[PDB]
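Here's the structure, in C-alpha cells; my notes come after.
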Amino acid sequence: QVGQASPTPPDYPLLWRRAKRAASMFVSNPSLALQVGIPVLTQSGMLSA
Amino acid sequence: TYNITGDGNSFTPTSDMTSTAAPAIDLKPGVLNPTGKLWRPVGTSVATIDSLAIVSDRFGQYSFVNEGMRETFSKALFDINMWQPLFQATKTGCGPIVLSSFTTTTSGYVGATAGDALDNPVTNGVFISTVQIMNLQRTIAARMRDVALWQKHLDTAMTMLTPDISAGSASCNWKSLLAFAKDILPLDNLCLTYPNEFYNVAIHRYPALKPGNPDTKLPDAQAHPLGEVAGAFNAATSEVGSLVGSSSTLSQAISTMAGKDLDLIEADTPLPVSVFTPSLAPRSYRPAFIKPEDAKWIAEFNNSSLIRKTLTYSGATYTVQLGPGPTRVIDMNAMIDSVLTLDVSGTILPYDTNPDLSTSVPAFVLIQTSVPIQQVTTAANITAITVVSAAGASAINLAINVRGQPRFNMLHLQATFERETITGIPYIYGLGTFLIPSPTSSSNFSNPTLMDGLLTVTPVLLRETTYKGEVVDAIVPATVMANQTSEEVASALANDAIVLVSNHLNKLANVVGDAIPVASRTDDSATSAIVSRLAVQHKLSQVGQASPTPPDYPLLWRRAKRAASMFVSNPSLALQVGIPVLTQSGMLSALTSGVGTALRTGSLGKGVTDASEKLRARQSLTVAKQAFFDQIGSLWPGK
Amino acid sequence: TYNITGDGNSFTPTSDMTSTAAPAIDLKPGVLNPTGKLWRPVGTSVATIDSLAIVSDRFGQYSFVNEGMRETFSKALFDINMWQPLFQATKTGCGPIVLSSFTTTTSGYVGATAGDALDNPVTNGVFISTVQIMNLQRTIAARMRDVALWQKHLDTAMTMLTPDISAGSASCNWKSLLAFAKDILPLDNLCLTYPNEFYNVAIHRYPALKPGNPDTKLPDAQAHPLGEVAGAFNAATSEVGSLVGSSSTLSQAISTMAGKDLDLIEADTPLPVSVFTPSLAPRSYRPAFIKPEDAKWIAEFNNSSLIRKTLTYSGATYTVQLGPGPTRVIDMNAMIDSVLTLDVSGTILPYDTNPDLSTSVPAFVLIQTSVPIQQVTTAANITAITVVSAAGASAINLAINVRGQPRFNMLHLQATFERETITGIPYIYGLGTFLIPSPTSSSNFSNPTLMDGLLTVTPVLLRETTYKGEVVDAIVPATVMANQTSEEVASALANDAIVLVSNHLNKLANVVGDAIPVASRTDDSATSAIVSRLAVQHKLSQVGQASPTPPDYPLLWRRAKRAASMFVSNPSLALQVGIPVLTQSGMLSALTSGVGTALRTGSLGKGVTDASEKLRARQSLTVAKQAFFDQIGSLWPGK
Amino acid sequence: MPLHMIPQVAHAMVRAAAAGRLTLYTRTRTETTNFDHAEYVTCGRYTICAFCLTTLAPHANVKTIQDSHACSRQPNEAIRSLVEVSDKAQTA
C-alpha cells in the first residue's frame with residue numbers, strides 16, 4: 001500500500017510452513033484442487049509451479 | 001570463480017535447457033556383467049590350453065571390465081566433480097578418484113566358463129577387484145552423503161522462484177530475482193553461507209543461467225558443460241512434445257502386453273488356472289433381492305411349507321418359521337474354498353411383538369441334508385441344522401434404539417466354508433437369521449426371517465479358479481463370451497473366469513487409450529483391426545442381389561469405433577451378453593493382437609489437436625510466469 | 001520398384017516375423033551422457049597440463065560423442081530411409097542426413113571435470129555441437145511430422161485385414177486379400193493414391209509379406225531387411241512364450257521390490273513415518289452400529305442420565321435428550337489432524353409427533369469439557385456444547401416426503417478438526433443430531449437422538465502417522481502383528497500403520513502372483529522360504545518321545561501353501577489376529593526377503609500347464625483366422 | 001472460506017434475511033445496525049462478509065468501498081430488519 005505496506009517477516013519461514021500444510025492437503029486428497037475455497041491452492045499458478 | 005554479486009547475468013530459462021543432473025543410474029544385475037573372467041593355462045607355458053585357472057581374485061586380477069559400467073561409473077564421478085571447489089573447501093576428501101587407476105591390466109583368457117574361456121585369449125586388457133570396487137563404492141557413497149544437504153538446499157533455491165520453463169523461453173532481471181531471493185530467503189540456509197559456490201554450481205548445471213559479472217564484456221555463453229545433449233531430448237519439437245516421453249510411454253505399454261502374453265484371450269479348450277489367474281480379492285454379495293435363478297451358489301426356499309418351531313439350544317427354542325422368501329439359501333455344495341464373511345449392520349428388526357427382544361441374534365446356520373431343499377417340509381427332513389455363526393448367542397440391544405431406530409450394530413460373522421469338512425454328500429446349505437434361545441411365538445411372529453445384510457465371500461483358495469460353477473483347472477475366455485448376463489457376472493464368485501478376464505482386458509484398454517488416439521472422436525487408422533474382421537464377416541451373400549452394402553470402409557468403420565469406444569469405456573461389456581459386434585470373439589482376438597503391431601511399427605502418434613493445444617497452453621503459461629516475475633521485479637527491483 | 005498388381009506374392013504371417021518398426025527410442029538423461037568433454041592445455045604447447053580450457057563450444061568442438069547415442073541415432077535415421085522413395089516423391093527434403101557428417105573431429109583431453117580431464121588426453125576423436133544437434137533434431141522431428149499421416153494410413157491397412165499371426169503361421173491368397181482390400185477400402189485413403197509405395201514399404205517392414213510379381217520366378221525371399229533379429233525374440237519357443245516378456249515382467253517386479261526397499265516389514269522399534277508412509281486417502285466410518293469397545297476415536301455415551309432440554313440458540317431450544325445410545329461420541333482428543341466430513345443422507349426421521357418438523361436439521365456438535373463423558377449427567381457438566389456443523393440452522397423438507405418416505409437429501413457437513421484449535425485440556429468430544437431452534441417436546445420425543453449416517457474422516461495431516469491411537473513419528477510393522485482384530489482395522493484412522501503396511505504388502509503379493517506360480521494348485525519350490533521357517537520352528541522337543549512329525553517336507557509344505565494362498569487372496573489377513581501360522585512375523589520377513597532372491601536367480605518360470613494351454617489356444621486361433629480368410633477368399637476371390 | 005456457488009449461497013443468505021434471522025455480525029458488533037460492513041454472517045458455516053460482499057475477509061482497506069459492499073445490500077439489511085420488526089411488533 002502507501003507508507004507501511006504488509007509487514008510480513010520474510011516468506012521463508014512463514015509461507016513455507018503454510019505451503020507444506022497445503023501441499024500435504026493436496027497429497028492427502030487430490031480432489032481438493034478442484035474444490036472451491038481452498039486457501040492457497042485455488043491459485044492455479046501454484047499448481048502449475 | 002566469479003563474484004556472484006555482479007552485473008551482466010542472464011535469467012534465461014528455456015525448453016532447450018531443461019534443468020537436469022544425474023539423479024540415479026541404471027544398476028540392473030543383467031546390466032552389470034560384460035563379461036568374461038580372465039584366466040590362464042594352468043600357469044605353465046603355451047601347452048596347457050586344456051586347463052584354465054582364474055587369475056588372482058585373491059587381491060586383484062579379475063574379469064574383463066564392463067565397457068558400459070566403466071563409462072557409466074566415470075560419469076557418476078563427474079557429478080561429484082561438479083562440486084569440487086566446494087568439497088575441497090569443506091575438506092571432505094575431495095580429491096577426484098580417477099576410476100581409471102582402478103581398472104588394472106588383466107592378460108590371458110576371456111570367458112564365462114572354463115569351457116568357453118579355453119578358446120579365447122585376450123592379452124593385456126583390464127579388470128577390477130572386489131576389494132577395489134568395495135573401497136571405490138565406499139568413497140562414492142560417502143561423497144553422496146556428504147552432498148545430501150547441499151542437494152536439498154540447491155533445490156530449494158531452484159524452486160523458491162523456479163527457473164523452469166518447460167516450454168519455450170522466459171527472461172527477467174537476474175539481479176532483481178537474486179536480490180529478492182536474498183531479501184526473502186531463510187537465513188538458516190546453506191545458500192546464504194555459500195552463495196558463491198551454490199551459484200557457480202547452479203551455473204554449471206543450468207546452462208539456462210549465466211554468471212554475474214565475470215567479464216561484463218562476456219558474462220554469457222552458448223557452450224556450457226555436457227548437459228545440453230540430454231536437454232535437447234526433453235525439448236519440445238514441431239510435431240512432438242517429448243521424445244523420451246512417448247518412447248517410454250509406448251515401451252511401458254509393450255511390456256505390459258508382454259507380461260499379459262496376449263494369447264490369454266484365445267482360449268476355448270482348457271487353459272490352466274495358475275497361468276491365467278494372478279491375485280485375487282474377496283467380494284460382497286447380498287441376500288436381500290438377489291436372484292435365485294441366476295445365482296449358482298445362492299438361491300431361495302419357496303413360499304409354502306412352514307417349519308416354525310425348532311429347538312435351537314438346550315431346551316431353548318426359535319422359530320425359523322420357514323415360508324415366504326426366508327432370507328436366502330446359500331448353496332455351498334462344493335463351491336470352492338471360501339470364508340463366509342457375513343457383515344450385518346442396520347438390520348435387526350425386532351420380533352413383531354414378542355418380549356423376546358432380548359436374546360435374539362443375527363446368525364448363520366448351515367443346513368446339512370441329503371434332502372434337497374424343495375423337499376424340506378417338516379423337521380424330519382433337515383438332517384442337520386447347525387447353527388455356525390453367532391458367537392455369544394443370546395442378545396443385547398446393539399441397535400440404535402434410542403430414537404425408535406432398529407439399527408443393529410456392525411457384526412462380523414465367520415463360517416469357514418471348507419468343503420473338505422463335509423466332502424459333499426449331504427449337500428451343503430446355509431441360511432441367515434435372528435436366532436433365539438428364548439422361545440418365539442410362532443403365531444405371533446409369522447415372518448420366517450429377515451435377516452438382510454451383507455455376505456462377503458472370502459475366496460481363500462486361489463487354487464483352481466471356477467468357470468461358472470464348474471470347479472476346473474481351466475480358464476477359458478473365448479467360451480465365456482456371450483454366456484453371461486449382467487446379473488450373472490455380479491453374482492459370480494470372486495474365483496471366476498469373468499473377472500479375471502476383465503482385469504487382463506483392463507490393461508489392454510489402458511494401452512489403447514494412452515497410446516492409440518481413441519480420444520474425443522478421433523477415428524484413426526489404428527482402429528483397422530476390428531474393421532477388417534467386420535468387413536469379412538459381413539459377407540452375407542444370397543442369390544442374385546446379395547447385401548448391397550456400400551463398402552465397409554466408412555460404414556463398418558464408424559460402427560466399429562463406436563463399439564471400440566464402448567469397450568474402452570467399460571471393459572466388462574465384452575463379457576456381457578447381447579453386445580452388437582463384440583459378441584464375436586474374433587474381433588476381440590483381432591484387437592488384442594492388433595495393438596501390439598500398432599505399438600511396434602507406429603510412427604509415434606502425436607494427435608494434431610493435442611499438439612496445438614499444448615502449444616497454446618504452454619505459451620500462456622510462460623506469459624503468466626513472465627508477468628509474475630514482473631511483479632517480483634516491481635516489488636523488489638534487485639539492483 | 002515393382003508393380004504391385006502382380007502374381008507370385010505371398011501372404012505369410014508368422015510368429016517368427018511379428019510385425020515391428022522402431023516406434024520410440026530410449027532417451028533417458030542418464031543415458032545421454034557417455035561422456036568426457038574435450039579440452040586443451042590452456043592453448044600453448046605441452047607444458048600447461050595443469051590447466052585446461054574447453055574446446056570450442058562456441059560453434060563446434062564439444063565432448064567425446066556417446067557411442068550408444070550415435071549408434072541409436074543412426075538407426076532412427078533409417079526409419080525415414082524406409083520411406084525414401086516416397087519422401088523424394090513428396091519433395092519433402094528427403095535427402096538422407098548422414099549423421100556421420102555431424103560427428104566431427106575433436107582432439108585433446110577427455111574428462112568430466114578439469115580435474116579428471118587433466119589426466120587423460122584423447123587425440124582425434126569426435127564431438128557434436130549444440131547448434132548442430134539442434135538442427136539435426138529439427139530435421140528428424142520434421143521428417144516424423146511429415147510421416148504422421150502415412151504411419152496412420154499404413155496401420156489401417158494392416159488392421160483392416162490384420163496380417164498378424166503371433167503364434168505359428170498363416171497363409172492365404174494375397175491376391176484375394178489385396179483385391180478385396182481395394183474393393184472394400186475407403187477412397188479417401190492415402191493407400192489408394194499411393195498403392196505402390198505403401199506396399200513397398202510394407203514389404204520392407206513386414207518380412208512376412210512378399211512383392212507382387214517382380215520376377216514371378218522369384219517373388220519370394222528369406223532375407224529381408226534387418227527386422228528379423230528383433231522378431232526372433234518375440235517369437236514363441238518350446239519352453240517360453242516371449243523372451244522379452246518374461247524378462248520385462250520380472251524386471252518390473254524387482255524394481256517394485258527395490259522401491260519398497262524390503263526392510264520396511266522388519267520394524268519393531270521406531271521407523272520414521274515419512275519413510276514408511278506414501279500418499280494417503282480419506283476413509284468412511286459409521287456411527288450407527290460401530291463398537292465403542294474397539295473404536296479408539298469413536299465411542300458412546302451410556303443409557304441412563306437424561307440431558308433433555310438444552311438452549312441451542314437465542315432463546316430457542318432443542319432436546320438433545322441424552323440417554324439410550326445417543327448416536328456416538330466422537331473422540332477427537334488429539335487424534336491427529338482431520339476434517340470431519342459428515343455425509344448425511346436418508347436419515348432424517350421426523351420428531352415422533354411434534355409440529356417441529358420444520359426447523360430441524362442434521363447437525364454436528366463438538367463437546368468441550370474437562371468432565372469425562374461418563375460423568376456428564378446434568379447441564380452443569382457440559383462446559384461447552386458448541387454446535388459446529390449445521391450451516392443454515394433451521395430446516396426445510398429435504399426429505400423425499402411425497403410417498404411417505406423420510407429420506408433426507410444428501411448433506412455435506414464439515415468440522416475442521418484441528419487439535420491445535422483447542423490443544424487438549426478440555427478433552428474433545430462431538431455428537432450427531434437433528435438439532436432445532438424450535439422447541440422440542442421432551443415428554444413427547446423421548447428418543448435422545450438418531451442421526452445415523454456417514455462420517456468420512458479426512459486425515460489431512462499426512463504428517464506423522466498414528467500407531468494405534470499413539471500419535472507417533474514411528475511406523476512399526478512387525479509389532480502391529482497379532483494386535484488387531486478385524487473390527488479394529490476397520491475402525492482405525494486412515495493415518496494408521498495397518499493400512500499402510502497392507503498397501504506395501506499388496507505389491508509383494510502382486511509380484512508373487514505374476515512371477516511365482518502360485519496359481520491353480522501349483523506347489524513350487526519357490527515356496528520354500530516359508531517352509532524353512534516353519535520347519536525350524538516346529539522343534540517341539542520334550543523328554544523321550546518328542547513330536548513325531550514325519551519330516552516337514554510334505555506336511556508343513558502343504559500347510560504353508562495354504563497359508564501363502566490365504567495371504568495372496570487377501571493381504572490384510574497378515575494384520576489380522578488369529579491366523580494360524582502367519583501370526584509369526586518371521587515367516588513374513590522370510591517371504592519378503594525370499595522373493596527377491598527367487599526373482600534374481602530364477603530360471604525363468606514357465607508353468608508347464610500354461611505352456612500347453614497357450615499352445616493349443618494359439619493354434620485354434622490361427623485355425624479360425626485361416627477360416628476367416630477363407631471366407632474372404634470366397635466372397636471376393638481377388639484375381 | 002472463499003465463497004463458492006456465489007449466487008446460491010447468496011440465495012440462502014437472503015432467505016435468512018427474509019425470515020428475519022440473519023446473523024449480521026461485524027467484527028465486534030453483533031448486528032450491522034449502522035452501515036459498518038459485516039464480517040460474520042453464518043450461512044450454514046459460511047461466514048459472509050459484507051466488507052466484500054464475499055466471505056471472511058474484506059476486499060480492500062478502502063473503508064469507503066467496503067462499506068459500499070455493505071450499502072449494496074441495503075435491500076438485504078432493510079428486509080431483514082423489517083421482517084424482524086413485523087414479526088414482533090408492527091402497525092397496530
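Letters A, B, ... go to the chains of the C-alpha cells in the order shown; residues in each chain start at 1; ligands are counted from 1 in the same order.
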Practice problem: Pick out the chain D residues within 7 Å of chain C. Count only C-alpha atoms. Give them as a list in words. | Solution: residues 42, 43, 44, 45 and 46 of chain D
Practice problem: For residue 339 of chain C, work out the shell of residues within 9 Å, counting only C-alpha atoms and skipping chain neighbours fewer than 4 positions away, then give it as a VMD selection string. | Solution: chain C and resid 414 to 418 456 to 460
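Residue neighbourhood of residue 623 of chain B, excluding near-sequence residues (fewer than 2 positions): residues 45 of chain A; 165, 167, 168, 169, 170, 171, 172, 616, 617, 618, 619, 620, 621, 625, 626, 627, 628, 629 and 630 of chain B, at 12 Å, using only C-alpha atoms.
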Practice problem: Pull out every residue of chain B sitting within 6 Å of chain C, counting only C-alpha atoms, and send them as a PyMOL selection string. | Solution: chain B and resi 22+78+81+223+230+239+244+247+258-259+266-267+271-275+278-281+402-403+408-410+460+463-464+525-526+528-529+531-532+536+551-553+597+600-604
Practice problem: Quote the spacing between atom CA of residue 438 of chain B and atom CA of residue 361 of chain B in Å to one decimal place. | Solution: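 We find that atom CA of residue 438 of chain B and atom CA of residue 361 of chain B lie 10.8 Å from each other.
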Exercise. Once DSSP has gone over the backbone, tell me which residues of segment 167-257 of chain C are in helix (DSSP H, G or I), as a VMD selection string.
Key: chain C and resid 174 to 184 190 to 193 195 to 205 228 to 234 243 to 257
Exercise. Select residues of chain A: the criterion is any atom within 12 Å of an atom of chain D, counting only C-alpha atoms; output as a ChimeraX atom specification.
Key: /A:1-2,5-6,34-42
Practice problem: Report as a list in words: the residues of chain D with a DSSP assignment of strand (DSSP E or B), based on the backbone of this structure. | Solution: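 Matching residues for strand (DSSP E or B) in chain D are residues 25, 40, 41, 42, 43, 46, 47, 48 and 55 of chain D.
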Selection from above, C-alpha atoms, as an mmCIF file, in the first residue's frame, can you write it?
data_model
loop_
_atom_site.group_PDB
_atom_site.id
_atom_site.type_symbol
_atom_site.label_atom_id
_atom_site.label_comp_id
_atom_site.auth_asym_id
_atom_site.auth_seq_id
_atom_site.Cartn_x
_atom_site.Cartn_y
_atom_site.Cartn_z
ATOM 1 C CA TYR D 25 -22.117 -9.668 12.577
ATOM 2 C CA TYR D 40 -19.617 -12.992 10.022
ATOM 3 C CA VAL D 41 -22.992 -13.931 8.640
ATOM 4 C CA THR D 42 -23.223 -17.724 9.321
ATOM 5 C CA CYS D 43 -24.623 -19.169 6.096
ATOM 6 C CA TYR D 46 -20.248 -19.851 5.504
ATOM 7 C CA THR D 47 -19.261 -16.602 7.292
ATOM 8 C CA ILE D 48 -20.437 -13.880 4.944
ATOM 9 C CA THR D 55 -16.788 -14.001 2.826
#
Quiz prompt | Residues of chain A within 7 Å of chain B, only C-alpha atoms counted, as a ChimeraX atom specification | solution = /A:10-13
Quiz item: So which residues touch residue 427 of chain C within 7 Å, counting only C-alpha atoms, skipping near sequence neighbours fewer than 6 positions away, as a list in words?
Solution: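 Result of the neighbour search: residues 333, 368, 369 and 370 of chain C.
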Any chance you can output those residues with C-alpha atoms as a compact mmCIF listing (two decimals), in the first residue's frame?
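The result, stored in part-v3.txt:
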# COMPACT_ATOMS: atom_id res chain seq x y z
CA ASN C 333 -8.97 -35.63 21.67
CA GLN C 368 -15.61 -29.37 25.08
CA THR C 369 -15.32 -30.39 28.66
CA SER C 370 -12.82 -31.39 31.32
Exercise. Quick one: pull the distance between atom CA of residue 70 of chain B and atom CA of residue 127 of chain C, Å, one decimal.
Key: 19.8 Å
Quiz prompt | Point-to-point distance in Å for atom CA of residue 216 of chain B and atom CA of residue 228 of chain B | solution = 23.8 Å
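Of the residues under consideration (B:430, B:96, B:219, B:548), B:430 shows the shortest atom-to-atom contact distance to residue 299 of chain B when counting only C-alpha atoms.
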Quiz prompt | Residue contacts of residue 18 of chain D (6 Å, only C-alpha atoms) excluding same-chain residues fewer than 3 positions away, as number ranges by chain | solution = D: 14-15, 80
For the selection just defined, write its residues with N, CA, C and O atoms to a file, as a short mmCIF file (atom, residue, chain, number, x, y, z; two decimals), in the first residue's frame.
data_model
loop_
_atom_site.label_atom_id
_atom_site.label_comp_id
_atom_site.auth_asym_id
_atom_site.auth_seq_id
_atom_site.Cartn_x
_atom_site.Cartn_y
_atom_site.Cartn_z
N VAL D 14 -29.91 -14.47 1.94
CA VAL D 14 -31.10 -13.67 1.78
C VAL D 14 -32.40 -14.27 2.29
O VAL D 14 -33.40 -13.56 2.43
N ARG D 15 -32.46 -15.60 2.27
CA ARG D 15 -33.50 -16.37 2.92
C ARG D 15 -33.61 -16.33 4.43
O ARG D 15 -34.72 -16.23 4.95
N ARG D 80 -34.26 -7.60 6.26
CA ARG D 80 -34.00 -8.38 7.44
C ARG D 80 -34.60 -7.75 8.70
O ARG D 80 -35.33 -8.47 9.38
#
